Each structure stands twice: as structure tokens, then as C-alpha cells.
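K.L.:
Going line by line, the protein sequences match chains L and R. Take the first sequence: its position 159, counted from the start at 1, is 159 in my numbering, and no numbers get skipped. Start counting at 1 in the second sequence, then tack on 1084, and there's your number in my numbering. What follows is a single structure, and I will ask about it in a moment.
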Amino acid sequence: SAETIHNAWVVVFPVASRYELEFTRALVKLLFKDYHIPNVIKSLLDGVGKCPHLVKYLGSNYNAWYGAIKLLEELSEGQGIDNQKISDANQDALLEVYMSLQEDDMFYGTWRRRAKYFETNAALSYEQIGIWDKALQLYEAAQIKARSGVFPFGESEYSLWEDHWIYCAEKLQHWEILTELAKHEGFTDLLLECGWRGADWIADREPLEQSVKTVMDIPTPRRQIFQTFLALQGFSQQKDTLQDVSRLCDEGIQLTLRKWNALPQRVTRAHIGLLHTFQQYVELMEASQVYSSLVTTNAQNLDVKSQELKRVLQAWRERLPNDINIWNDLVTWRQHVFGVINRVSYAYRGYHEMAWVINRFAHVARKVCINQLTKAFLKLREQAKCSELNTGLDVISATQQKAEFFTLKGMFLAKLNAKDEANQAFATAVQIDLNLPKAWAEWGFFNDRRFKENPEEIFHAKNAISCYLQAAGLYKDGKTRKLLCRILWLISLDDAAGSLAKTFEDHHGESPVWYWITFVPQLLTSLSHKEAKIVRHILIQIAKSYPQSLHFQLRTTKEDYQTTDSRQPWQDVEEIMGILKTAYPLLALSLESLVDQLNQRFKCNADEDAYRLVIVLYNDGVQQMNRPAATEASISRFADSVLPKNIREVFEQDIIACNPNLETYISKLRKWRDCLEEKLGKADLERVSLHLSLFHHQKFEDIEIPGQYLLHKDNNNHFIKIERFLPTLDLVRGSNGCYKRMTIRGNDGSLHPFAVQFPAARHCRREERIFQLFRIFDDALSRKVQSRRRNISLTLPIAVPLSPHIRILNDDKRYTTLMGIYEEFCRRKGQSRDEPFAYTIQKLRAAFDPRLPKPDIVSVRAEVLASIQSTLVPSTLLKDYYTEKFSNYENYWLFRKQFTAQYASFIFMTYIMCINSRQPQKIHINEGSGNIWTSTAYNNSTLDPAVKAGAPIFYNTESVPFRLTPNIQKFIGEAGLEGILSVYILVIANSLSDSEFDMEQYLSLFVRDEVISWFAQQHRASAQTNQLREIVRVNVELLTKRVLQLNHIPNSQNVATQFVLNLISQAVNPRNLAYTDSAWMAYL
Amino acid sequence: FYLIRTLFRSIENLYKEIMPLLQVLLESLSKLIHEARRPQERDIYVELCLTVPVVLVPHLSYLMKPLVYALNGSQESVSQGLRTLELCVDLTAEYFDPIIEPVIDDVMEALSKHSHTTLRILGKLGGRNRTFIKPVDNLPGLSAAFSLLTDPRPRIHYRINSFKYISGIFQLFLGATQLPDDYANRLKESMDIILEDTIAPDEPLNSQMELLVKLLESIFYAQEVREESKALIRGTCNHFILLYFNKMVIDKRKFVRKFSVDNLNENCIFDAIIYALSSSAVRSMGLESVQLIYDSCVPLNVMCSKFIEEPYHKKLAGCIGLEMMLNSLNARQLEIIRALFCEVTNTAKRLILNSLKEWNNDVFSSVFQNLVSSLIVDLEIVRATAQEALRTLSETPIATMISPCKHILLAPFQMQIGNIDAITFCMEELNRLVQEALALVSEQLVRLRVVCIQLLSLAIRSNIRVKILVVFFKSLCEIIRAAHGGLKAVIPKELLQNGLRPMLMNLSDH
């Protein structure tokens, strides 16, 4: 057998269907070839044959696959606005065509909140769960009625309608059925036919099945799933009804699930509805047909399918859950009670026990209209199945003590203070009865804190409420159990060491550790006060003889990291080492020998390698002594296969030019300077350390790996030994410190590695306490009903710090941050080392006459800032590195979602608690994953009232440290802060309202006292009142002033976009970024 | 018990390793007994021994461990460990193993679980290619609607027959299928009944190793393949080592040559790529046509996946293009990787060692001995084959060569031949004798102690090292105490009587 042969041969060879390839290839080839009269043939043939041209060939030659959305959406959405004058077709076609399918988030929020006028962007963009959706409808209607210069936008109208149905979903089905008489081809038939079927409805079921099945195009499996489930369901008892319906299709519809393989979005989605509907319909139809066909009263229906089928099906189906799935599956799968109860104990227990999961799951998981709109034998079921109105209506129709005490104390406690009122009702109602759960925590914490806040004699009676905590000794545990530790603060309001001596010692010693081993942290900080006993015997005996390996990291790290100071370590280490050594065997021989030898084996080399020693010794000796006997010392020590061609050029030039005069100095200086400077690492533990060996893993010792050995996370699992690896340990690139990245190869399922950040810290070992603040992020795991499943949980690692300056970080794919990857990747390629700020500041600041005569201007900043600061190094590095670093949809989607979620969650979660640093050395990252892991005076108010000592000082001093990048701050993500406002505003605004628990203990214990110089904080913070502000004033003022508000009259609350617009507009500009004053001098 | 214990414990490896699948499956498929220590010890030892040495071992071990481990009684640690290791090593593969592992796993998990479901499912849950790598003879609008609806500008071009014919033909042609029972309800219900998803996540994703590993593995794991691989490896290694060794100064002798001798695309690339991609033939046609046209006129998946008529063109085009392109512009990685993986190791090691060692002088012996000893001694069949082949083939420095046999053999048929040949053929003394003799202390103690004591005592200050090490090690303290005390003490009256009376009195009084 160039565009005419490829377009004519490729477009004409495929015709020997096939409409999109011939129409798109003929129209694009004819329009581009006829309108462009060379990169399309090479890029299309090389890019399409090796695996604009790659997105069209790879995105169009897949026969409409799942991977074509990235190339088609990226190529069709990469250029739309800011081009000539056509924007309605690109904005409407790109927003309407890209604001569908399943993967949206940033596309739906940015396209639905930043396009044309968008009058419904507040309720539509701020909706999500459907909170402010209640009104949204009102706003839409109003605009419609008004008009007069409206932007039409039907899509908006339809959205409003859908929202309306959702709101009126289930509960408001009354009027929704009217839609079946008009608007609602699938919503009226599916909602009205699925929400209430009948027994002898042949015409009502034959029209939906015979009219909702014509192709049927299941993709889009709403009509096929509703018609198949509605047509196959319903016990009609028509002889061959279950056999013909279950034998004709049934399993064949499962083949439609294979279509999901062509569109995995997202993971389950259709698998839960198809598997739950097919398994529930097949199990309910088979059990109802067999039980209904095997008679009953005639032999009382025997048994078999009763306790095992009802207990296994009700326990597995009711207990195996995750909104629409609970209401649709629970409301649609409740048809078995009519067939088994109408042809007569299982209907009342199954229907009453299974029908209550939608109110508790929807009302407890949807948290305003869901809980208020979704909610002698008839008095208990009718009154229990669901200030004077709650007590009179709930008590006029134990539940009385928990409902009256929890409703009266929780509903009457705020107000503001408490004092009395709920003190007698909470203490009297919680100091008796028997089993209770919320009364001990709510009435115990509120009555103990409010009653013990006055610090008097009667407050000592509140210590008796601590006995109620014993009632929680057999009620499992959980993170909320940590709140019980706050009750220990009530002991501070007691007398000396008595009061709760028998109750605390007997209750704490007669039970397990629970919160005495899994909590730790703050418990390891109470040492200067009277904490040498009380819970020391129960915590040391239970944690040392009940928790197995749990006190080895805290005892070895706390005892080995750091005249009362010189005598406390001998008595504590002698008593703990004697009681533990006499308790176990050998208390911790493998942990003490392995931790002492491995943690103390870094003292001897503690060296470099061959290039640093040969280049430093040859360069220092030759450069310091020069200002073939001597040439044999560098060749014998620099021969390690890392001198190319330094050994050949230095040995050949130095050995060949060892005479004359100019050849020796020129060849020795040029060869020694170029060879010694062009090759300037490794770490060999077998020829320096030699401890890992016989640390043979210590002949397979009985010890866990470092990092995966805790009391709560991964507890009582496959705890095996780690085989480590060889001895060829390489450093992490080469920053300011020698990061010794070790390798921990585990053949028993522990193949990982280790790291070391040399031995330097800011506040020494106390700086490690700052890492405890990261543990506060774990508290979010106790309050994430939708952020944990919608935000892919959060980034967290395992870092075991050794001694007082060593840290064992986890590196999955090397380690790279912002300054290392930006400075190393941007300062490479050409001849670059110290430019950007040095070349721009030195050339721009030294290009004029230094005098400066006289001001001048010479403004300002301004053009000098834009010419000596904005000189590229922003969109080209982030766009070229982020765009060129990806090669498929997994790298772009995983890099964009992981970078946006990790940067927004790490910046929003790490930019608080006096840690809002706009410079580097903060939120770090890696490579393949990312993440970010690396006064005035006193004026005290004595006592009594403490709601008037609000001294707010506002004086700017020092601070600064708010520059550098920026740079690609508004271009590193996606259109500034489009996708970060939903996760940052929703995740940051979703908390700080309930489920506090750890607040006064972590804030008061971590903030009190000041470090260092314990004089003003220790001598001024030791009072005899309630709160001393500091943590309460900073946390209440910052959280209350920064998280306000959430509700109003017409759903007009701040943030919304007040935090992103005020923070981005007030932190990403010229005077704001150049004049510092970011977070008001770190708050401070 | 005698056949499974003797045949499974007595292990030329194809009959003994493959006899347990048919013997244990056919003998255990009659619903009998014989378990407890036999199924538990056989499943734990078979999973640890079969998984510690990691295509016949994965298919035979994964396909044979489920038949012997899934036919017991209870579901304790043997079911979670054996099912987690066997199911984690290979899941839904080898056709028969996929249909034979899902029935026993789903029936055993559902029947045995109907606290084990939370720990077994949560501790053994793994999101892989189960929903997309199943099929087993089983049997769209985003790109067409977005790509076809995103444009439609400029002028007009019908734009109705494509959407109507594609939607009606695709929905009408795709909405009707056919099936005949077979195994649709079991695979669909058993494979789709597990409803325990946990989001998705799993980002990760992300030049001498690909060319050296692909050229050395593809050229060494392959007549034309032996002549082209031997001539290309010998010419590339000799030309790269001789050309990169920086020699030829001002010699007066001869023998200083033989360094180099060897030295329309739009229609063929567009027609071959469009015609071959618009219809296994795309990799051979595109790689052979692009490699032959590009290499004659002027990638790792086809050579790596096809090298294990397309093998000669893929191996010759990939090896010639990678060797010529990578060498036309490192001896430890190519020589160790090409010689450490049986005629290629002896021919490449003997030809490269004889030609490189005879063609040269302290830089070649010091760099070759230090790089070969450090690279060969610094690195389960790769360590024994590379250390035994490199040490036995290169040994024809007592601390580095004596420390690797005792440290590698004591930290874990090749150990006896390698340790006996290297220790017996490889033969200041207080540190090596006291450290090796005191640190080297059932065949490793008798072989190392008898070989070191016989060679050190027969080839010619041990009272302080033997008395201090034996008194401190024997006085400082179930198989470690009896084996260490009996083996270390069977080779001062208070330490011998008081220290030896507890072993005979405690061992004889029980």
C-alpha cells in the first residue's frame, strides 16, 4: 500500500454504527485540516499507538468508556471563557454537560456558584445535605414570579422542583401522588407504586411494568429496577407466580449490574441497591412463599424458618447498614409483615424493632425538619415508639428519669449558667435509680462542674456523684468514656487525698484499665503535683499486668527522654523498674535491649559516606594546604563506584600532569576543583553499626513492630516480629539535617520502613508535646457522620519518637514538601542555585544608585514587587509539574483530590491554635501520597463573678513571618478556593457545637503552664476559683468569634463564604501579604 | 496422617510439591477427618513456607492451600490465617481457583459466621479487581452525550442520526441478553452479597533499572536468541567497560581496537497504528513495525509480558533497540543482575570474568573484588543462588566471606554446599575466633562448631573467651534453653555442677 492519507485512509478504512468516529473524525479532520492550511499525526500516532490528539484519540477511541470523562471533560473544559466573545455556549455547555453524572463536587459547586448571576447559588451551593433547602424553594419561586431581566436557567427551575420533592420525600407523599396525575413519569409511579402497593391491583401493576420496560436502557436503572422490583414483588399466589417471575428474569436483571463495570462511580452505589433489593426480594419472596405455602395452624407452621431466619435475617439485615437506602430499603422491604401477619409475634417485634431504625438513623445522622418532621398496651408502644410540654406530654402518656432529667437539665441548662435549678433534680434524680447512661455523664458532668464550681463544703457532696461513674464501669467504653476523665478534675475541688479514696481506689483497682492505658498523653504530664499514688497502683498494676505491651513506649520514652528532679527519676525508675522487673520476668528485655541498643547505636557513626569524606578531605586538605605520593590517598579512598569521571579525570590528569609548572597547577586545580566539586549520602550499618545483625532481629524476639503497637488501634491482632532489612540505608535527598531513612521489612505482613530527623528540635522534648495537638484531630473521628465517608477519612501516620530529639517518621514513597520539591525542582534543569529572591532582590535592589537619593520613589514594592517577586516561578512550575507529572486519570484525579483535600484539610486543620504560619517548615508532604506529615499585668478578679475580666490587648509587635509562597496560592488548586470552601466550611463549621468531651483537659493541661520560665503562669494561675480564662477565653473567643453564625431569619448566616472570602481577600493580596498581620500576630 | 505428614514433611520438587494438591484434594474430598495438628500444622507450615519464598508456587500453593485448609471443622486462627494468606496471595485467578475459592470461602464464611465476621471481614477485607476481574463466561452516555453535546457550534451537520441511532441501537441492542443458569446466581449472589464497602481512596499511582532488568532478564531468560543475546551482552559489556575504563594512553604495543562496528514514517506509523489499533497483534505489529522502521530508518509490557513468533521480534527488537539506544549514548548492576539469574550464569560469569579479568591492574581487581563482594554479599532463592553462584564462581577478606555464611545461615541444600565449600575452601585471631565462635552458637551449631573447631584447631588464648563466654552465657540464663545449654555445654566445679544439675534434674524429674 500528511493529514489526507491518515484522515482519508483511517476514516475510509473503518467503513469496510461507527457514527461518532466518522462524524467527529471527518468533521474535526476536515475543519482542522481545511482551516489550518504536523503535531496531530505524531501526537495521535505516538500517543495512541504507544499505549489535543491524545485526549481525542484516547478519549474517543474507547467506545464511550469510563476513562473518557477525564480526557473529554479536561479537553472540552480546558478553554471556554476569556476567549474572543463566545461564552454562553461554552459556559452553558460546559457547566450543563459537566454538572452531571456522579463525580462533581468542585464542578457542581463552582459551575453552580460561579456562572452568570446564579440567584440560587446560596441555597443550591450551601445546601448539600438539604439543611437550608427548606427555604431555597421560596427564593426560587420569588425570582421566577419577579423576573424582569432574569437569566431563565430552567435547570435552576428543575433543581428547585427536585429539592421540593426531596423535602416532601416519604413523609409528604400525600401531594406527591398528585404528580402521578401530571408531572412525574417515574417519580409518581415509582414513589406511589413503591410506597404503598396492594393485593389485587392488576391494572395498576401491569401498566407500570408493561409501560416502564421498552428498551429498557438500564444505566439509569431506575425504571428497570422499579419495574422489575414492582413487577416481581407482591405475593399474589398465582401458582406459578414466583416460579415464572423468578425463572423468567430475576437473575437476568443481575446482568445489568455488569453495566456498572463500565461506569465505577462510586464504588458501591448501585451494588447496595441491586444487591439489597435482589437479596431482600428473593429472600422475602422465597421465605414468604415457602412459609405461606407450607400451611400454618395446621402444625403451627412448624419452625425452622422462624428463629434462625428471623434472627439471622433481621439481625444481619438490620445490623448490616451504612438516608435513601434506609428509608427505601426499610420502607420497601416491610411487605413481609402483611403476608405473614394477615394469614395468622414476629410482626410486632420485626416491624416495631425494624421500623424504628429510620427515625433514629435519619434523625441522629441528619443532624432541622428531619428530626421534627420525621417523628395500657397502646400507651407503651405509642408513647415509647416515637418545658411543660415535654414533661407533661412525655410523662402524661426508666424513661421518666432519663427523659425528664435529660430533657429538663439539657433544655433548661442553657440559658447560660446553672447553679441550682437542675442541681437538685440532676443530683437527686441521678443519685438513685439503678442503670443509667446519659444521666451520669450529663447530670454527673453538669451537676459536678456546676455544683463543684463554687468550691465550698456542699460542693464536696458532688464528689459522691463520682460514684455514679461506677455505673458506667460495665457500659462498654468509647471515646465518650474519655469525657469521664474530666470527672477526675472534680477531685481538684475535693480536700486532701481522702473523699474518693475508697471509691476511686476500689472502683479503679477492682476493674480494668480502659482509660488508664489507652488515653495516656495528658496522664503522662501530671507529675509535679500529688500524682504519685491514688491511681498509680491501679494504673501501673493494670497497665503493667493487664494491658500486655502498652507501658513500654510511655515508660521507656518518658523515663529515657528526660533536688526533686534528680530524686524523682531514681525513685520512679527504681519503683517502676523493680515492680515491673519483679512482675514480668524481665519486665521488657526485648524492648529495653532493642530500644536501648537501636536508639543508642547512633552515637558511633554518625558519619557520612565516600563522596563527602573524600571531597571534604581532599578539598579541605588541598585547598587549605595548597595556599604522586599525595595523589594516591584520594584514589585509594575515593574508589567506591561513585566518582565518574572524577576518578578517571583526576587520576589521568593528575597522574599524567605531574611535572612542568603551569600543567601541575592548572591540571591539579581544574581537575581537583571540577572533580571534587562536581561530585559533592550513603550509610552502611554493617561496617559501622553492626547491631541489626545479632539484633538478628534478635533471633526472632517476641516484640511488635514500631508504630503498629498501641492499646486501642490495632490491639489484640497479629502482633509478630519485624525482620528489618540489610544495612544499605540511604539519606532523604539532603536538606538541613541527615534524615536516616531506615527499612523495616516484615515478612509476616509488616513490609515498611523508618526515618530519622537527626537530633534537633525547637522546645526539646517539650516540643513533642505539640504533636499531641495532632491527637485532637483524632477527636474528629468521634464526630464525623458524613465527613469521614465523604472525605475519605483523613491523613494520619505512625511516628515513634525516640529519646528526647529522635523521631521515627513513616515514609511510604520517600519524602518531599513545598520548599524541597519547589526549590529542588525549580532550581534544577539549567544553571541555578541561589536566584529568584537573591537575583531579583540583588539585581533590583542593586541596579540603581545605593544612597538612595532620596526616597525616591522608587515605588514600592508595587512595580518593583511585581518585577522582583512575580517573575514567573508560579503558574509554570505548578502547571508544568502538576500537569506533566500525571499520565492518566488516576494520577490527575488522585493528585488533584489528594492535593486539594490534603491542602484544605491540612491548612484549615493546622492553621489554628497559634500555628497559623504563612511561610514554610509547616505543612509538609511526601511524593506519591502527599499529606502534610514531616504580657500586661495581673488584674485578677479574686473570686465570685468571673464574667467581667475581659482584657483585650491589641498591640502589634514583632510577629512578621508571612511571606514567601503565596506565589501559586490562587492557582495551585482549582480556581482559587472553589473546591476548598465546601470541605473547609463544611468540615470546619460542622463541629464546634457538640461532642466536645476533650476540651478543658487538653486545653488546660496543654496550655497550662507556659513553657518555659514557670513563674508568672505557675505563680499567677494557681488560684482557688473556677476558670482562669486563657484557654476558655482564647478557645471561646476564637471559636465563638470565628464560628458565627449558623442560623438566622432568611438563612443569611456568615460563612457561607465569609471565612474563605475574608481570609483569601484579606490574606492573598499586596499590602496584606507584604505588611504581615495575617492571623493578628498569631492571635496570639 | 502418615501419608500427609510423611509426604508433606519429607520435602524433584514438582512431584512432592504437586502431589499434595491431588492427594490432599482427592483424599480429603470424601468428607472424612484427620485434621487438628495435621490441617493446622500443614496449613500454617504450608502458608509460611510457601509464602516465605516469594508461577507454579503461587498457583499450586494458593490452589492447594484452600483444599487442605478449607476442609477442617472449626474457624479459629487457621481459617483467618490460612484464608487471609491464601486469599491475599491470589484471589480470583487461574479460572479453576476462582470458581473453587469463592464457593468454599463464601460457604465457609457464611456457614461458619451465621464475632468472626467483624474480625475476619474487617481484618481480611481487601479492595482489588474482584468486581472487574471476575467474568468467567458471564456475558456509555457520558462520553457520547458530553462529547457530542459539548460542540454543535460553527454551522450544522445533522446531529440527529448519530444520537438517535446510537441511543436506539445501543439501548435496544444492549437491553436484551441471554443466559442459561450455569453459574450466574452463585457467582452473582456470592460475589455481590458482600456489602461492606469502605469508600475508595488508594492514591499512590506513580532509567537503568528498566533497561538493565529488561535487557538482562529478557536476554538471559531466552540459536538466534543465544547468539544475539551473547553477542550483544559480550559486545555491549566489553565495549562499555573498555570504552568507559579510560585507557589507551601512549602504549607501543598492539591489540587496542575492536570497540565499535555496528551503526515515510508518517504513513507507516499512522497507517499501522490506526489500522492496527482501530480493529496481541497490536503490540507485535506496532512494536515490530515501529521498532524496525524507527531502528532501520534512523514498550516494557510487550517484551516483559511476551518474553516469559512474537518472542523473536519482541525480544530482538526490544533487546537490540534498548541495548543499542541505551549503549549508543553500571557493570555491577548488569553483571550481577545478568549473572545472578543455568547456562547464562556460567557462560556470562565465566566469559565476563575470564575476559574482564584476563583482558587487563589494581583498579580492576580492587573494584571488581570490592564491588562483587559487597554487592554479592550485601543481598529466598536470590540470596542463595546469587551468593552461592557469585561466591562459588568468583572464589575459584575472611571476615566478609565468613561473616555472611554464619550471619546469613544463622539469621534465617545451598547452605551446606555454600557454607561448607566457602568455609572449607576459604581457609587478630582472638576477635574473629572469639566473636565468630562465641556468636555462632541444630545443624548450624554442629556444622559451624565442628567445621570451625576442626579447621581452626587442625590448621595450626581461648580460655578467657571460652570461660567468660561459657560462664556468662551459661550462668546468665523451651528449645532455646535445652538446645543452647545442651549444645553449647555438651562440647569451675560450682558452675558445672550447679549449672548442669538443673538440666538433668529438671529434665529427668518431669
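Each residue gets a CB set at the ideal place from its N, CA and C atoms; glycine is no exception.
Assuming L/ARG783 and L/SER549 are in contact, meaning their beta carbons sit under 8 angstroms apart, how far apart are those beta carbons, in whole angstroms?
P.N.:
Contact doesn't hold; Cβ gap of about 30 angstroms is too wide.
K.L.:
Give the DSSP-derived three-state secondary structure of L/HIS174 in the structure shown.
P.N.:
Here L/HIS174 sits in helix by DSSP.
K.L.:
Quick one: list the residues of chain R neighbouring L/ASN747, beta-carbon separation under 7 angstroms, in chain order.
P.N.:
Residues of chain R passing the Cβ test: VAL1136.
K.L.:
Ends of the beta strand (DSSP E) at L/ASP204?
P.N.:
Run containing L/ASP204: none in the beta strand (DSSP E); it sits in the alpha helix (DSSP H), 202–211.
K.L.:
For the segment 1265–1279 of chain R, list every residue whose C-beta sits within 9 angstroms of some C-beta in chain L, in sequence order.
P.N.:
So the close ones are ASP1265, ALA1268, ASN1269, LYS1272, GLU1273, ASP1276, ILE1277, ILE1278 and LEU1279.
K.L.:
Can you look up L/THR728 in the DSSP assignment and give me helix, strand or coil?
P.N.:
Three-state DSSP puts L/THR728 in a strand.
K.L.:
Below 8 angstroms on the Cβ atoms is my contact criterion, and I expect R/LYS1149 with R/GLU1170 to pass it. Report the Cβ-Cβ distance as a whole number of Å.
P.N.:
Between R/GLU1170 and R/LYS1149 the Cβ distance is about 4 angstroms, and since that is below 8 angstroms, they are a contact.
K.L.:
Short of 6 angstroms in beta carbon distance, which residues of its chain neighbour L/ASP494, apart from the five on each side in sequence? Order them along the chain.
P.N.:
Only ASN463 meet the Cβ criterion.
K.L.:
In whole angstroms, what is the alpha-carbon distance linking R/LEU1134 and R/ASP1127?
P.N.:
Looking at the two C-alpha atoms, the distance is approximately 10 angstroms.
K.L.:
Report the three-state DSSP secondary structure of L/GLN1001 (helix, strand or coil).
P.N.:
The answer is helix: DSSP assigns L/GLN1001 an H, G or I state.
K.L.:
As a quick exercise: from L/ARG481, L/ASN121, L/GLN1001 and L/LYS50, pick the residue whose alpha carbon is nearest that of L/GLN1027.
P.N.:
Here the closest residue by C-alpha is L/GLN1001.
K.L.:
Between which two residues does the alpha helix (DSSP H) harbouring L/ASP133 extend?
P.N.:
Start and end: 133–146.
K.L.:
By alpha-carbon positions, which one of L/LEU54, L/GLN623 and L/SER566 ends up nearest to L/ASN888?
P.N.:
It is L/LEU54 whose Cα lies nearest to the Cα of L/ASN888.
K.L.:
For L/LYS409 versus L/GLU442, is the C-beta spacing smaller than 8 angstroms?
P.N.:
The answer is yes: Cβ separation under 8 angstroms.
K.L.:
Mind pulling the chain R residues with CB within less than 7 angstroms of L/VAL97?
P.N.:
Those are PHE1230, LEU1233 and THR1234, listed as they occur along chain R.
K.L.:
Just to check my reading of the structure: residue 1600 of chain R and R/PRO1104 have Cβ atoms closer than 8 angstroms, yes? What is that Cβ distance to the nearest angstrom?
P.N.:
The question about residue 1600 of chain R has no answer here: the residues shown for chain R are numbered 1085 through 1594.
K.L.:
Would you say R/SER1163 lies against chain L (beta-carbon separation less than 8 angstroms)?
P.N.:
No, no contact with chain L.
K.L.:
Have a look at L/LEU45 and R/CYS1388 and give me their C-alpha separation to the nearest angstrom.
P.N.:
Going by the C-alpha atoms only, they are around 23 angstroms apart.
K.L.:
Determine the burial state of L/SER636: buried for a count of at least 16 other Cβ atoms within 10 Å of its Cβ, exposed for fewer.
P.N.:
It is exposed - the Cβ of L/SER636 has fewer than 16 other Cβ atoms within 10 Å.
K.L.:
Output yes if chain L places a C-beta closer than 8 angstroms to the C-beta of R/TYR1249; else output no.
P.N.:
Interface residue, yes.
K.L.:
Which residues, in chain order, does the segment 920–947 of chain L contribute to contact with chain R at a C-beta distance below 8 angstroms?
P.N.:
Residues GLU927, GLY928, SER929 and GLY930.
K.L.:
Is it buried or exposed, R/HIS1491, if we count other Cβ atoms within 10 angstroms and call 16 or more buried?
P.N.:
Classification for R/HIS1491: buried.
K.L.:
Out of R/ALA1521, R/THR1234 and R/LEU1459, point me to the one whose CA is closest to R/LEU1418's CA.
P.N.:
The shortest C-alpha separation from R/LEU1418 is found at R/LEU1459.
K.L.:
In the DSSP output, which residue or residues are listed as bridge partners for L/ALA683?
P.N.:
L/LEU729.
K.L.:
On the DSSP letters alone, give me the boundaries of the alpha helix (DSSP H) that L/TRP9 sits inside.
P.N.:
Element bounds for L/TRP9: 3–12.
K.L.:
Cα-Cα, which of L/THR268, L/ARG317 and L/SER526 is closest to L/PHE1006?
P.N.:
That would be L/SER526, whose Cα lies nearest to the Cα of L/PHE1006.
K.L.:
So L/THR214 and L/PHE997 are supposed to be a Cβ contact under 8 angstroms. How far apart are they, rounded?
P.N.:
57 angstroms between Cβ atoms; not a contact.
K.L.:
Have a look at the DSSP bridge pairing and note the partners of L/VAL800.
P.N.:
Bridge partners of L/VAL800: L/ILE808.
K.L.:
Can you grab the Cα-Cα spacing for the pair L/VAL873 / L/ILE821, in whole Å?
P.N.:
If I take the Cα positions, the gap works out to 13 angstroms.
K.L.:
Are L/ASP654 and L/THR631 closer than 8 angstroms when you measure CB to CB?
P.N.:
Yes, Cβ-Cβ distance for L/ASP654 and L/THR631 is below 8 angstroms.
K.L.:
At what residues does the alpha helix (DSSP H) containing R/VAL1555 begin and finish?
P.N.:
Looking at the DSSP string, the run of the alpha helix (DSSP H) that includes R/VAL1555 is 1546–1559.
K.L.:
Taking 8 angstroms as the cut-off, decide whether the C-beta atoms of L/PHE235 and L/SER148 are in contact.
P.N.:
The answer is no: Cβ separation not under 8 angstroms.
K.L.:
Can you name the start and end residues of the alpha helix (DSSP H) that R/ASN1438 belongs to?
P.N.:
Counting along the chain, the alpha helix (DSSP H) containing R/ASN1438 begins and ends at 1427–1442.
K.L.:
Taking L/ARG366 as part of the alpha helix (DSSP H), name the residues at either end of that continuous run.
P.N.:
Premise fails: L/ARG366 is in no alpha helix (DSSP H) and is neither H nor E.
K.L.:
Quick one: residues in its chain with C-beta nearer than 8 angstroms to the C-beta of R/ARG1214, no 5 flanking neighbours on either side, listed in chain order?
P.N.:
Excluding sequence neighbours, R/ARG1214 sits near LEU1175, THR1176 and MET1275.
K.L.:
Could you give the distance in angstroms between the alpha-carbon of L/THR795 and the alpha-carbon of L/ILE925?
P.N.:
Their Cα atoms are separated by approximately 11 angstroms.
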